[PDB]
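Here is the structure we will look at, set down as structure tokens.
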Amino acid sequence: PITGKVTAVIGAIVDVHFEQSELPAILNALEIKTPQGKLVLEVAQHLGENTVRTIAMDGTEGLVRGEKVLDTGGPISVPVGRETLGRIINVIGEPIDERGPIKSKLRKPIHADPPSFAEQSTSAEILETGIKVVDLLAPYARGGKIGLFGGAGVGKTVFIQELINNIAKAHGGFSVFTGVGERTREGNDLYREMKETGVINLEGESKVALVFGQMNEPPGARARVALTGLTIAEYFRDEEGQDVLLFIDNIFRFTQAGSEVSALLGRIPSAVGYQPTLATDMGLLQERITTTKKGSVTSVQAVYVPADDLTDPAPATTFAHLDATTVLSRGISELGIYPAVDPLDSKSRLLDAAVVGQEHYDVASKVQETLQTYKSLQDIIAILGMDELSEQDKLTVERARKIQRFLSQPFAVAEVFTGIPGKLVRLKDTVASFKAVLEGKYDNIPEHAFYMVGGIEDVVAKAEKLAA
Amino acid sequence: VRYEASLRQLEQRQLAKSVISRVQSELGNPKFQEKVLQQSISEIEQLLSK
Amino acid sequence: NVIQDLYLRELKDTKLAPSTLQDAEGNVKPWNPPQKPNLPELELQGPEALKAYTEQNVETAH
Amino acid sequence: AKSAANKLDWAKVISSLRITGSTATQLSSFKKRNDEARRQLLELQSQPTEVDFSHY
Amino acid sequence: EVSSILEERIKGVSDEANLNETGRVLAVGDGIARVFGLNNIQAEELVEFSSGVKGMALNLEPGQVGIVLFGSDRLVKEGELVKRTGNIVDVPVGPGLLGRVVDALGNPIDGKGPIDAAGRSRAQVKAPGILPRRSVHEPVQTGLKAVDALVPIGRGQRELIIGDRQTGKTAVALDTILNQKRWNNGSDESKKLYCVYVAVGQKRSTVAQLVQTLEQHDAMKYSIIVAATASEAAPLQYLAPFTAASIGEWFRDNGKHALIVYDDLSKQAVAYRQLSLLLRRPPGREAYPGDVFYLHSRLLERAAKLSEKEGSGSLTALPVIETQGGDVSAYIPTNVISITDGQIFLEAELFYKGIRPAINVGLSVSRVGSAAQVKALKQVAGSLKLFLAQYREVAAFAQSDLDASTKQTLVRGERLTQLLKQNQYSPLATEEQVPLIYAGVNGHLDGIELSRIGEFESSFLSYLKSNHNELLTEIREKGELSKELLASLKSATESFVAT
């Protein structure tokens, strides 16, 4: 049968010599039976002479040159299904949730060509979210890649959790939290916390499926974690029709993993170290995420900009792919606003006049203008005094400060965590909320009575009790 | 209209795998022998056409 | 081709029967019935309001 | 008419400008303006009231 | 139905072929393959692999030939049989490509119909010599006032558009394509441009929205789209502008006027960089290969206003450069700037600061642009570029004592700046642009307070048409302002100003 003997193990780059006229093909998966389990090697070259050069996805230590290898015949095929819901699965597609063999339906190759130009969705759609701040100034979109920027563990994880809760309401879909380069310590917290906030019920419903990819995993296997997660999503999209949302951890560590694999492959590094195949590799990852006829993946990515240099190529390539950026800030969180999101900092291309309609746009623009003027004004207004506010100026200062508290609304996931009942406010009702505040209908109501509240209608009631 | 177009695509992929199934059936047969003979005489004709 | 023969035979001998009407329904919710919200609310009903308004309204400033 | 309503509305504004004739008249003007503005968007809201079955 | 189409496909692949040579792959990976045999290979031939993909032979060596895989690495493998296509890399070119998105090879990726193409033509072709060239003389109008007199552009003219990433960079060019429908959907075929939009390195989803946008503005029918998306493989991207330029040349070599927008050549640079690095050629500056200059220059100079001998062909080139981190001294951009004639730098600060789009005119030049302009749009716009480079100075030193003269300039300048502003996908007719500029030049925007400038524009245009569209018709046909037209406009502008 198709067998070959290990003929090198320089690093984790294992060259395998296969018997003639039985040779693998590029991107095939080879499996070496080991007392360690298996080593999954992915063929990334043909060196000729009935030899190939492959990379490994598991640690290569103790390997003996001459072990028989068996060829899967194609890229790693990971089980996918509705059974994969609420299962932690490692990159080699095996359960690490230790809830035993996942009941495989179909398995599918990790490399999967991005959907055809013909099957692209010709116009954008707005993925509804419960978060009002999001729903005004950077509305989520179906298909899209919306890249989170900001703090970490400041509620960052919880923000992601909130989205999962929301997703269940929004569609009832699934999610896949894919963590690339994830601290195993951080991972423990995420699993226990996710169980605790009930987005995973090991005895029940689980929207999120977990794929955790530790940093201790080989750099090649770190690189392939992302493609594996995407495959799970595609079963949801294509084969359950669902609109789903796939989180990725650091895409810096996606880049980092890739750069290393190139260097291991011996390719001449491209500018600022990053792989020469930087553009194409990212391209495959971020073009396998889109709205097909069947469904749409939507991807939230975490961009850990190195040296906070937006000039750096790794951020630059990411920013090209991104549609919107949500810019969580700790300054804003320190103003007591949960969402942590800094509204002015966040920028979207999904917020557009045509897209959300003129009314939504006009409301948003006004809300932006009020806040924008307010922040700048408040700088010297604080120093100068509020008495140096004109009638026009104090109107804006008033309007803005009412918006500022009103933006914050508790999160369902953090109902426990803050202690305050969550607020998930529908998109239509969000527009309404701001329209009224713009017309200052209920602006005369205390700031604390607008602090940590839901939609305008909701806070009419709360205003009465809070004031009383 | 959407489901109709989708059904044409679904029909196409179902009927695609039925062709594959028929391919797997034919190459087992001594059509495997007889069509090799057809190729042989065809190669004779082809190679004479040079 | 041997393929051409194969196809012809295959196609003929393997006919896909159309999908059940219910499955089509599953992907497309059927019909829409007349909207019929009927009568909306009364408009400025009775001169009861009018008598109140005539008496009430006299508050015109200079 | 709506053109009547608005010409007389602004006429009453410039009459009230002199001797105030508005107190709660303008609140009536606001109500008629509201629904009048609704009707123009209603008339623009209208699309063909019958399903297409020639092409579609 | 599905059965008939399938049966049709089989009937359409009936019958054998006469194969006459092959080579066999030895080593492959890193997207290049080394083939044994093919001693009859032409240089830069197209080869077809057993896998079915196509590649361009790059290194013909005595013992090996090194094909470069035009995408698909997965399917290619060692000991595969590579057969010579027998032709140098060519792409179908012809009239029927109008209203067809195609990929680089010429496969319609919109899948709208089968290709209708007059010929196929080799990807690299010699540029028009000095001798068959004749200088520009016809305008291209973009419907953006600032562009159409402050940054004038003609036909067959190379004219760089440079600026910062995803400021709807594409939209600036898109507006030109849309504006061209007053000659493209305009009957005059001696005024028809046939415009090609090359989308390189862009999100396949985004491109589909763009295509849909173009089909919303019913513009697809006068335009060709070549597409080489982000997903699409880097060697395909390398050949993507060149192929597109071939398609353009067929129109050009009919003598017909055309335009090609190469959006974004910055993504071509990254592609050639990838290709070079994977061919392990020595890394050039900024890791962009040392032959990068040649790559852009060979591409750029294949567009041009041909001479009367050649039937006055034109292919207007607009190459769109994405300044990474807004670095206007970056190696690839400076190299492009030197090749291109004029640049249309766009300023990010202004874009954020209330112009969408915001065409900075300080760093926009057009080397020979003004000679292609309509005489009316030279007369009305006379020295306005100078004036607004006096405004540039004025606001430089405004932030200080201001002379009443300086204040007058500042008031004119700021207000003129407001007038320039325009919003995406709202173009202005050539006729319409003439009075608006006349007004501002004749200082009637000192007469309009800054807030009401927008009102002035729309109202003025409505006024002009109602007052006398006869004047506008005159400027439309005459295309110059006689003393009478100048007076009539002075009188008319004064008339509108009053109301």
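Just one of the numbered conditions (1) of a type in the set (A, V, I, L, M, F, W, C); (2) away from chain E (no Cβ under 12 Å); (3) out of contact with any strand residue (DSSP E or B) (no Cβ under 6 Å at 6 or more places or on another chain) is not true of A:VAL303: (3).
Which residue out of E:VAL76, E:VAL28 is farther than 24 Å from B:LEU47 by Cβ, touching a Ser or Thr at 6+ places or on another chain (Cβ under 8 Å) and facing another protein chain (nearest Cβ under 9 Å)?
Selected residue: E:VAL76, the only one of E:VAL76, E:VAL28 that is farther than 24 Å from B:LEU47 by Cβ, touching a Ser or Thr at 6+ places or on another chain (Cβ under 8 Å) and facing another protein chain (nearest Cβ under 9 Å).
Residue count for segment E:192-203 under the criterion of being surrounded by 22 or more Cβ atoms within 10 Å (Cβ to Cβ) and basic (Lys, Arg): the result is 1.
Contact map, segment A:38-64: first residue more than 14 Å from A:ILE92 (Cβ to Cβ), second residue of a type in the set (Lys, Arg), Cβ cut-off under 7 Å, separation 6 or more or different chains; pairs are A:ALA44/A:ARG53; A:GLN45/A:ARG53; A:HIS46/E:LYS77; A:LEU47/A:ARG53.
Matching residues to (1) surrounded by 13 or more Cβ atoms within 10 Å (Cβ to Cβ); (2) part of a helix (DSSP H, G or I):
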position: E:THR409; (1), (2): yes, yes
position: E:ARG412; (1), (2): yes, yes
position: E:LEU419; (1), (2): yes, yes
position: E:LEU428; (1), (2): yes, no
position: E:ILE453; (1), (2): yes, yes
position: E:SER462; (1), (2): no, yes
position: E:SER466; (1), (2): no, yes
position: E:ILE475; (1), (2): yes, yes
position: E:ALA487; (1), (2): no, yes
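Could you check segment D:7-31 and list, in sequence order, the residues that are under 21 Å from C:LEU44 (Cα atoms) and more than 12 Å from chain C (Cβ to nearest Cβ)?
D:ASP9, D:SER29, D:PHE30
Of the residues A:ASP345, A:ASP379, A:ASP387, the single one that is within 14 Å of chain E (Cβ to nearest Cβ) and not aliphatic (A, V, I, L, M) is A:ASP345. Just the residues that are crowded, with 18+ Cβ neighbours inside 10 Å and either small (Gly, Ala, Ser) or under 17 Å from A:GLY336 (Cβ atoms) (or both), please, taken from segment A:420-435. Once the filter is applied, which keeps residues that are crowded, with 18+ Cβ neighbours inside 10 Å and either small (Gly, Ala, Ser) or under 17 Å from A:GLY336 (Cβ atoms) (or both), segment A:420-435 yields A:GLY422, A:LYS423, A:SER433. Among the residues of segment E:80-88, are any of a type in the set (S, T, N, Q) and within 14 Å of chain A (Cβ to nearest Cβ)? So far as segment E:80-88 goes, no, none of its residues is of a type in the set (S, T, N, Q) and within 14 Å of chain A (Cβ to nearest Cβ).
Of all residue pairs spaced 6 or more apart or on separate chains, those with beta-carbon atoms under 8 Å, a first member in segment A:249-272 that is more than 12 Å from chain E (Cβ to nearest Cβ) and a second member that is of a type in the set (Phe, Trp, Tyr) are A:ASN250/A:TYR304; A:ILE251/A:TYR304; A:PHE252/A:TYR304; A:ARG253/A:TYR304; A:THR255/A:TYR274; A:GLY258/A:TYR274; A:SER259/A:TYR274.
Quick grid of which residues meet (1) in a helix (DSSP H, G or I); (2) at positive phi; (3) surrounded by fewer than 24 Cβ atoms within 10 Å (Cβ to Cβ):
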site	(1), (2), (3)
A:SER206	no, no, yes
A:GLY213	no, no, no
A:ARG224	yes, no, no
A:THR231	yes, no, no
A:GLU234	yes, no, yes
A:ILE248	no, no, no
A:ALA257	yes, no, no
A:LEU264	yes, no, yes
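Only residues that are crowded, with 23+ Cβ neighbours inside 10 Å, of a type in the set (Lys, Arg) and either part of a strand (DSSP E or B) or away from chain A (no Cβ under 14 Å) (or both) were counted across segment E:229-277, and they come to 1.
Of A:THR318, A:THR280, A:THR326, all but one fail to be of a type in the set (S, T, N, Q), surrounded by 19 or more Cβ atoms within 10 Å (Cβ to Cβ), part of a helix (DSSP H, G or I) and more than 10 Å from chain E (Cβ to nearest Cβ); the exception is A:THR318. Within segment C:1-14, one or more residues are within 11 Å of another protein chain (Cβ to nearest Cβ), under 30 Å from A:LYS294 (Cα atoms) and assigned to a loop (DSSP other than H, G, I, E, B).
To keep it simple, each residue is scored yes or no on (1) more than 20 Å from the chain's Cα centre (by Cα); (2) of a type outside the set (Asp, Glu); (3) assigned to a strand (DSSP E or B).
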{"residue": "E:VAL82", "(1), (2), (3)": "yes, yes, yes"}
{"residue": "E:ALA104", "(1), (2), (3)": "no, yes, no"}
{"residue": "E:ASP116", "(1), (2), (3)": "yes, no, no"}
{"residue": "E:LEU131", "(1), (2), (3)": "yes, yes, no"}
{"residue": "E:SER135", "(1), (2), (3)": "no, yes, no"}
{"residue": "E:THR142", "(1), (2), (3)": "no, yes, no"}
{"residue": "E:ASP148", "(1), (2), (3)": "no, no, no"}
{"residue": "E:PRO152", "(1), (2), (3)": "no, yes, no"}
{"residue": "E:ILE161", "(1), (2), (3)": "no, yes, yes"}
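Looking at A:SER262, A:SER296, A:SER270, just one residue is more than 23 Å from the chain's Cα centre (by Cα), of a type in the set (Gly, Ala, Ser) and closer than 30 Å to A:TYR235 by Cβ, and that residue is A:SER262. Filtering segment A:137-146 for residues that are more than 14 Å from A:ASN250 (Cα to Cα), among the hydrophobic types (A, V, I, L, M, F, W, C) and in contact with a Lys or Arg (Cβ under 6 Å, 6 or more places away or on another chain) leaves an empty set. Is it the case that segment D:33-47 has a residue that's within 12 Å of chain C (Cβ to nearest Cβ) and either part of a loop (DSSP other than H, G, I, E, B) or of a type in the set (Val, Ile, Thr) (or both)? No, segment D:33-47 has no match at all. Here A:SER104 meets each of (1) out of contact with any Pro (no Cβ under 9 Å at 6 or more places or on another chain); (2) part of a loop (DSSP other than H, G, I, E, B); (3) surrounded by fewer than 20 Cβ atoms within 10 Å (Cβ to Cβ) with one exception, condition (1). Scoring E:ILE321 on the criteria (1) among the aliphatic types (A, V, I, L, M); (2) out of contact with any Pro (no Cβ under 8 Å at 6 or more places or on another chain); (3) not in a helix (DSSP H, G or I) leaves a single failure, condition (2). A:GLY331 passes every criterion in (1) closer than 13 Å to A:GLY151 by Cα; (2) buried (at least 19 other Cβ atoms within 10 Å of the Cβ) apart from (2). Condition test on A:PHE117, is it over 33 Å from the mean Cα position of the chain (by Cα) and within 14 Å of chain E (Cβ to nearest Cβ)? Taking the combined requirement at face value, the residue does not satisfy it. Inside segment E:278-312, can you point out the residues that are among the acidic types (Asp, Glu) and assigned to a loop (DSSP other than H, G, I, E, B)? Passing the criteria: E:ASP291, E:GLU301.
A quick yes/no check of all residues on (1) under 13 Å from E:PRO357 (Cβ atoms); (2) surrounded by 23 or more Cβ atoms within 10 Å (Cβ to Cβ):
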site	(1), (2)
E:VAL136	no, no
E:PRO152	no, yes
E:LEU160	no, yes
E:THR170	yes, no
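If you take the residues of segment A:374-419 that are crowded, with 16+ Cβ neighbours inside 10 Å and among the β-branched types (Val, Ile, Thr), which of them is nearest to A:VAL460 (Cα to Cα)? Among them, the one singled out is A:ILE403. Annotation note: Cβ proximity below 7 Å between a residue of segment E:354-368 that is within 18 Å of E:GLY168 (Cβ to Cβ) and a residue that is of a type in the set (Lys, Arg) and surrounded by fewer than 21 Cβ atoms within 10 Å (Cβ to Cβ) (sequence gap 6+ or interchain) occurs for E:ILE355/E:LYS421. Within segment A:140-162, restricting attention to residues that are closer than 20 Å to A:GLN242 by Cβ and more than 14 Å from chain E (Cβ to nearest Cβ), the residue that is nearest to the chain's Cα centre (by Cα) is A:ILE160.
Where a number appears in this text, it was derived from the coordinates with a stated rule and is not lab data. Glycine also receives a Cβ, built like all others from the backbone with ideal geometry; neighbour counts cover every protein chain displayed.
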